[PDB]
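Q: Following this line is work_15.tsv, made up of TSV, C-alpha atoms:
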```tsv
chain	number	residue	atom	x	y	z
A	1	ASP	CA	128.91	11.12	369.30
A	2	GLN	CA	127.40	13.67	366.89
A	3	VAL	CA	124.87	12.42	364.31
A	4	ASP	CA	124.60	13.31	360.61
A	5	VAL	CA	121.88	15.94	360.03
A	6	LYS	CA	121.31	18.97	357.77
A	7	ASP	CA	119.94	22.10	359.47
A	8	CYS	CA	116.89	22.93	357.32
A	9	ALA	CA	116.85	26.42	358.88
A	10	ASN	CA	119.94	28.25	357.63
A	11	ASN	CA	123.23	27.03	359.14
A	12	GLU	CA	121.61	27.91	362.48
A	13	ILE	CA	122.32	24.67	364.36
A	14	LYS	CA	126.10	24.40	364.85
A	15	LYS	CA	125.89	20.64	365.45
A	16	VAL	CA	123.35	18.19	366.91
A	17	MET	CA	124.52	15.01	368.70
A	18	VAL	CA	122.61	12.11	370.29
A	19	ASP	CA	123.63	9.76	373.13
A	20	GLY	CA	123.20	6.44	371.29
A	21	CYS	CA	123.41	6.54	367.47
A	22	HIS	CA	126.77	7.19	365.77
A	23	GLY	CA	125.45	9.47	363.01
A	24	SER	CA	126.57	8.22	359.57
A	25	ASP	CA	125.43	4.78	360.77
A	26	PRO	CA	121.75	3.86	361.01
A	27	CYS	CA	119.74	4.76	364.14
A	28	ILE	CA	117.29	2.31	365.75
A	29	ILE	CA	114.70	4.24	367.78
A	30	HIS	CA	112.84	1.89	370.13
A	31	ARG	CA	109.36	3.41	370.54
A	32	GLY	CA	108.64	3.94	374.26
A	33	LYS	CA	112.27	4.87	375.04
A	34	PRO	CA	113.59	8.37	375.73
A	35	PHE	CA	115.84	9.55	372.87
A	36	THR	CA	117.99	12.55	373.88
A	37	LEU	CA	119.41	15.05	371.37
A	38	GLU	CA	121.39	18.23	372.14
A	39	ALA	CA	121.30	20.94	369.45
A	40	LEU	CA	123.36	24.13	369.55
A	41	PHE	CA	121.92	27.01	367.53
A	42	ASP	CA	122.49	30.75	367.23
A	43	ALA	CA	119.19	32.47	367.98
A	44	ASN	CA	118.35	33.96	364.57
A	45	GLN	CA	116.00	36.39	366.35
A	46	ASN	CA	115.03	37.74	369.79
A	47	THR	CA	112.08	35.87	371.33
A	48	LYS	CA	110.68	35.28	374.84
A	49	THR	CA	109.50	31.76	374.07
A	50	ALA	CA	110.97	29.02	371.91
A	51	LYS	CA	109.60	25.58	371.05
A	52	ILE	CA	111.30	22.39	369.90
A	53	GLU	CA	109.62	20.28	367.21
A	54	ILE	CA	110.55	16.67	366.45
A	55	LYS	CA	108.72	15.00	363.55
A	56	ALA	CA	109.40	11.42	362.45
A	57	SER	CA	108.68	10.22	358.89
A	58	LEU	CA	107.76	6.60	358.08
A	59	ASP	CA	109.50	6.32	354.69
A	60	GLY	CA	105.99	7.07	353.38
A	61	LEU	CA	103.63	8.29	356.12
A	62	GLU	CA	104.89	11.44	357.88
A	63	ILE	CA	103.88	11.67	361.54
A	64	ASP	CA	104.37	14.17	364.35
A	65	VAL	CA	106.01	13.18	367.64
A	66	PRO	CA	104.26	14.67	370.68
A	67	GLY	CA	105.15	14.00	374.35
A	68	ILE	CA	108.05	16.41	373.75
A	69	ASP	CA	108.82	19.85	375.22
A	70	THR	CA	106.70	22.55	373.55
A	71	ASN	CA	108.93	25.24	375.08
A	72	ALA	CA	112.72	24.83	374.76
A	73	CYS	CA	113.20	27.89	377.01
A	74	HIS	CA	113.24	25.33	379.85
A	75	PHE	CA	116.64	24.03	378.68
A	76	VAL	CA	117.89	27.18	376.92
A	77	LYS	CA	118.06	30.69	378.43
A	78	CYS	CA	115.04	32.57	377.01
A	79	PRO	CA	114.43	35.07	375.82
A	80	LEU	CA	116.87	33.89	373.18
A	81	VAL	CA	118.42	37.07	371.82
A	82	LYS	CA	119.35	37.23	368.13
A	83	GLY	CA	123.12	36.83	367.96
A	84	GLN	CA	123.62	34.56	370.99
A	85	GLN	CA	123.94	30.79	370.78
A	86	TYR	CA	122.08	28.36	373.03
A	87	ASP	CA	122.57	24.68	373.86
A	88	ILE	CA	119.39	22.70	374.55
A	89	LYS	CA	119.65	19.26	376.12
A	90	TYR	CA	116.13	17.87	375.73
A	91	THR	CA	114.84	14.36	376.39
A	92	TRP	CA	112.66	13.50	373.39
A	93	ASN	CA	110.26	10.87	374.77
A	94	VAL	CA	109.76	8.56	371.78
A	95	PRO	CA	106.09	7.76	371.16
A	96	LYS	CA	105.05	4.12	371.74
A	97	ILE	CA	103.05	4.36	368.48
A	98	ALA	CA	106.08	4.66	366.19
A	99	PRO	CA	105.60	1.67	363.89
A	100	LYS	CA	108.72	-0.34	362.97
A	101	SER	CA	109.40	1.79	359.89
A	102	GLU	CA	112.28	0.49	357.73
A	103	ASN	CA	113.44	4.12	357.38
A	104	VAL	CA	112.46	7.11	359.55
A	105	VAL	CA	113.45	10.79	359.36
A	106	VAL	CA	113.44	12.94	362.49
A	107	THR	CA	113.12	16.73	362.17
A	108	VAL	CA	114.24	18.97	365.03
A	109	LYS	CA	112.82	22.50	364.77
A	110	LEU	CA	113.07	25.43	367.16
A	111	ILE	CA	110.46	28.20	366.90
A	112	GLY	CA	110.69	31.51	368.78
A	113	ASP	CA	108.23	34.37	368.21
A	114	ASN	CA	109.54	35.57	364.82
A	115	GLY	CA	109.70	32.20	363.04
A	116	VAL	CA	111.77	28.99	363.31
A	117	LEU	CA	114.76	29.64	365.58
A	118	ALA	CA	116.54	26.64	363.96
A	119	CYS	CA	115.90	23.29	362.24
A	120	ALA	CA	117.45	19.84	361.66
A	121	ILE	CA	116.73	16.91	359.31
A	122	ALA	CA	118.21	13.42	359.83
A	123	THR	CA	118.54	11.04	356.85
A	124	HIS	CA	119.72	7.53	357.76
A	125	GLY	CA	117.13	6.41	360.34
A	126	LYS	CA	115.20	3.24	361.25
A	127	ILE	CA	112.57	2.56	363.94
A	128	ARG	CA	112.27	-0.76	365.79
A	129	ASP	CA	110.16	-2.15	368.65
```
Kindly transcribe the structure held in the file into structure tokens.

A:
Amino acid sequence: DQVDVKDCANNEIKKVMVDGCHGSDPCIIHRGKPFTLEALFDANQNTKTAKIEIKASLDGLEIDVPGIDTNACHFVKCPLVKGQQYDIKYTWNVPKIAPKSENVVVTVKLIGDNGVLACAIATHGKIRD
């Protein structure tokens, strides 16, 4: 089902869903497991390379989540031309370092060559082991 998130870009993402959480409900990310999220977004600019960015917050300590795809053109058809929409199905390998944080916030961000192609911010979130 789709999850609850607010595109921090500019209405770019048309809707981001994950195969596990329900959205409004809380999400339990088990560090070490692959969390997949598909985000549709209308390329806000023409670029030959795009990158996805997922950052998880620890209700206090903000961290960055590596082990991801630093080039979403592998799932989307790059160059993403401004005015077309793309659907990226990416497997976000959760880091085994993620500490059981009572509340976590994941940020999905796409970046082409002119700025951030899109963006997403999840609220209700929780990490477990």

Q: Residues of segment 66-129 of chain A within 7 Å of segment 11-34 of chain A: nearest atom pair and distance (Å, one decimal) for each, counting only C-alpha atoms, sorted by chain and number, as a tab-separated table?

A:
```
residue	atom	partner	partner_atom	distance
A:91	CA	A:34	CA	6.2
A:92	CA	A:34	CA	5.7
A:93	CA	A:34	CA	4.3
A:94	CA	A:31	CA	5.3
A:95	CA	A:31	CA	5.5
A:96	CA	A:32	CA	4.4
A:97	CA	A:31	CA	6.7
A:98	CA	A:31	CA	5.6
A:118	CA	A:12	CA	5.4
A:119	CA	A:13	CA	6.9
A:124	CA	A:26	CA	5.3
A:125	CA	A:27	CA	4.9
A:126	CA	A:28	CA	5.0
A:127	CA	A:29	CA	4.7
A:128	CA	A:30	CA	5.1
A:129	CA	A:30	CA	5.1
```

Q: Skip segment 79-81 of chain A itself and residues of its chain fewer than 5 positions away, then list as JSON, numbers by chain all residues within 7 Å of it, counting only C-alpha atoms.

A: {"A": [43, 45, 46, 47, 48, 49]}

Q: What's the separation between atom CA of residue 117 of chain A and atom CA of residue 35 of chain A, in Å to one decimal place?

A: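 One can read the atom CA of residue 117 of chain A to atom CA of residue 35 of chain A distance as 21.4 Å.
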
Q: Work out how far atom CA of residue 67 of chain A is from atom CA of residue 7 of chain A, in Å to one decimal.

A: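 About the pair atom CA of residue 7 of chain A and atom CA of residue 67 of chain A: they are 22.5 Å apart.
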
Q: Let me make sure I understand: among A:89, A:71, A:84, A:77, which one has the smallest atom-to-atom distance to residue 37 of chain A if we use all atoms listed in the file?

A: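 Result for the nearest residue to residue 37 of chain A: A:89.
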
Q: Between A:121, A:105, A:111, A:9, which is the closest to residue 51 of chain A once you count all atoms listed in the file?

A: A:111

Q: Rounded to one decimal, what separation in Å do you get between atom CA of residue 38 of chain A and atom CA of residue 60 of chain A?

A: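 Atom-to-atom, atom CA of residue 38 of chain A to atom CA of residue 60 of chain A, that is 26.7 Å.
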
Q: Restricting the calculation to only C-alpha atoms: of A:123, A:86, A:101, A:5, which residue gets closest to residue 73 of chain A?

A: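 Smallest distance to residue 73 of chain A is found for A:86.
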
Q: Have a look at A:72, A:88, A:78, A:106 and name the one nearest to residue 59 of chain A; count all atoms listed in the file.

A: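 Of A:72, A:88, A:78, A:106, the one nearest residue 59 of chain A, counting all atoms listed in the file, is A:106.
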
Q: As AutoDock Vina command-line options, please report the centre and edge lengths, rounded to one decimal in Å, of the axis-aligned box that holds all listed atoms of segment 99-117 of chain A with 4 Å of padding on each of the six sides.

A:
```
--center_x 110.2 --center_y 17.6 --center_z 363.1 --size_x 17.2 --size_y 43.9 --size_z 19.4
```

Q: For each of A:100, A:39, A:83, A:44, take the minimum atom-to-atom distance to residue 58 of chain A, counting all atoms listed in the file, then give the residue where this is smallest.

A: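 Looking at the shortest contact to residue 58 of chain A, the residue is A:100.
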
Q: Add whatever atoms are absent from segment 52-71 of chain A to reach N, CA, C and O atoms, and provide the output as a PDB file, keeping the file's coordinate frame.

A:
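The result, stored in part07.pdb:
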```pdb
ATOM      1  N   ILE A  52     110.575  23.398 370.701  1.00  0.00           N
ATOM      2  CA  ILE A  52     111.300  22.390 369.900  1.00  0.00           C
ATOM      3  C   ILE A  52     110.269  21.559 369.147  1.00  0.00           C
ATOM      4  O   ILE A  52     109.158  21.375 369.603  1.00  0.00           O
ATOM      5  N   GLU A  53     110.609  21.076 367.993  1.00  0.00           N
ATOM      6  CA  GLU A  53     109.620  20.280 367.210  1.00  0.00           C
ATOM      7  C   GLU A  53     110.311  19.060 366.606  1.00  0.00           C
ATOM      8  O   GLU A  53     111.173  19.171 365.761  1.00  0.00           O
ATOM      9  N   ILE A  54     109.925  17.890 367.018  1.00  0.00           N
ATOM     10  CA  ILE A  54     110.550  16.670 366.450  1.00  0.00           C
ATOM     11  C   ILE A  54     109.505  15.897 365.651  1.00  0.00           C
ATOM     12  O   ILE A  54     108.511  15.450 366.187  1.00  0.00           O
ATOM     13  N   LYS A  55     109.711  15.740 364.376  1.00  0.00           N
ATOM     14  CA  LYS A  55     108.720  15.000 363.550  1.00  0.00           C
ATOM     15  C   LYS A  55     109.390  13.783 362.920  1.00  0.00           C
ATOM     16  O   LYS A  55     110.456  13.873 362.348  1.00  0.00           O
ATOM     17  N   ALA A  56     108.779  12.642 363.029  1.00  0.00           N
ATOM     18  CA  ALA A  56     109.400  11.420 362.450  1.00  0.00           C
ATOM     19  C   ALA A  56     108.635  10.977 361.198  1.00  0.00           C
ATOM     20  O   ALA A  56     107.423  10.902 361.190  1.00  0.00           O
ATOM     21  N   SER A  57     109.343  10.672 360.144  1.00  0.00           N
ATOM     22  CA  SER A  57     108.680  10.220 358.890  1.00  0.00           C
ATOM     23  C   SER A  57     108.721   8.696 358.816  1.00  0.00           C
ATOM     24  O   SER A  57     109.613   8.068 359.349  1.00  0.00           O
ATOM     25  N   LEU A  58     107.765   8.090 358.169  1.00  0.00           N
ATOM     26  CA  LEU A  58     107.760   6.600 358.080  1.00  0.00           C
ATOM     27  C   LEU A  58     108.088   6.170 356.647  1.00  0.00           C
ATOM     28  O   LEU A  58     107.405   5.353 356.062  1.00  0.00           O
ATOM     29  N   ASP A  59     109.130   6.707 356.082  1.00  0.00           N
ATOM     30  CA  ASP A  59     109.500   6.320 354.690  1.00  0.00           C
ATOM     31  C   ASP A  59     108.246   6.293 353.820  1.00  0.00           C
ATOM     32  O   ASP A  59     108.175   5.583 352.836  1.00  0.00           O
ATOM     33  N   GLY A  60     107.249   7.057 354.177  1.00  0.00           N
ATOM     34  CA  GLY A  60     105.990   7.070 353.380  1.00  0.00           C
ATOM     35  C   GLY A  60     104.931   7.887 354.118  1.00  0.00           C
ATOM     36  O   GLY A  60     104.374   8.828 353.589  1.00  0.00           O
ATOM     37  N   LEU A  61     104.651   7.534 355.344  1.00  0.00           N
ATOM     38  CA  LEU A  61     103.630   8.290 356.120  1.00  0.00           C
ATOM     39  C   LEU A  61     104.339   9.212 357.116  1.00  0.00           C
ATOM     40  O   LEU A  61     104.988   8.762 358.038  1.00  0.00           O
ATOM     41  N   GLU A  62     104.220  10.500 356.937  1.00  0.00           N
ATOM     42  CA  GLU A  62     104.890  11.440 357.880  1.00  0.00           C
ATOM     43  C   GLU A  62     104.033  11.607 359.130  1.00  0.00           C
ATOM     44  O   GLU A  62     102.834  11.789 359.056  1.00  0.00           O
ATOM     45  N   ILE A  63     104.639  11.533 360.281  1.00  0.00           N
ATOM     46  CA  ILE A  63     103.880  11.670 361.540  1.00  0.00           C
ATOM     47  C   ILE A  63     104.517  12.757 362.397  1.00  0.00           C
ATOM     48  O   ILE A  63     105.618  13.207 362.150  1.00  0.00           O
ATOM     49  N   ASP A  64     103.834  13.147 363.419  1.00  0.00           N
ATOM     50  CA  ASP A  64     104.370  14.170 364.350  1.00  0.00           C
ATOM     51  C   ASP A  64     104.642  13.490 365.689  1.00  0.00           C
ATOM     52  O   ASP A  64     103.911  12.613 366.104  1.00  0.00           O
ATOM     53  N   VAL A  65     105.696  13.852 366.352  1.00  0.00           N
ATOM     54  CA  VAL A  65     106.010  13.180 367.640  1.00  0.00           C
ATOM     55  C   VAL A  65     105.756  14.137 368.817  1.00  0.00           C
ATOM     56  O   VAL A  65     106.524  15.047 369.060  1.00  0.00           O
ATOM     57  N   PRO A  66     104.680  13.882 369.513  1.00  0.00           N
ATOM     58  CA  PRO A  66     104.260  14.670 370.680  1.00  0.00           C
ATOM     59  C   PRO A  66     105.018  14.204 371.934  1.00  0.00           C
ATOM     60  O   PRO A  66     106.080  13.621 371.846  1.00  0.00           O
ATOM     61  N   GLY A  67     104.473  14.446 373.097  1.00  0.00           N
ATOM     62  CA  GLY A  67     105.150  14.000 374.350  1.00  0.00           C
ATOM     63  C   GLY A  67     106.524  14.673 374.446  1.00  0.00           C
ATOM     64  O   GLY A  67     107.382  14.245 375.191  1.00  0.00           O
ATOM     65  N   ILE A  68     106.736  15.722 373.701  1.00  0.00           N
ATOM     66  CA  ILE A  68     108.050  16.410 373.750  1.00  0.00           C
ATOM     67  C   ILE A  68     107.911  17.715 374.546  1.00  0.00           C
ATOM     68  O   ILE A  68     106.923  17.943 375.216  1.00  0.00           O
ATOM     69  N   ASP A  69     108.895  18.568 374.475  1.00  0.00           N
ATOM     70  CA  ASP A  69     108.820  19.850 375.220  1.00  0.00           C
ATOM     71  C   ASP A  69     108.378  20.965 374.272  1.00  0.00           C
ATOM     72  O   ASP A  69     109.114  21.378 373.398  1.00  0.00           O
ATOM     73  N   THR A  70     107.183  21.459 374.440  1.00  0.00           N
ATOM     74  CA  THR A  70     106.700  22.550 373.550  1.00  0.00           C
ATOM     75  C   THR A  70     107.147  23.894 374.132  1.00  0.00           C
ATOM     76  O   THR A  70     106.379  24.828 374.248  1.00  0.00           O
ATOM     77  N   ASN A  71     108.394  23.985 374.501  1.00  0.00           N
ATOM     78  CA  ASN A  71     108.930  25.240 375.080  1.00  0.00           C
ATOM     79  C   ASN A  71     110.395  25.000 375.456  1.00  0.00           C
ATOM     80  O   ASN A  71     110.719  24.689 376.585  1.00  0.00           O
TER      81      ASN A  71
END
```
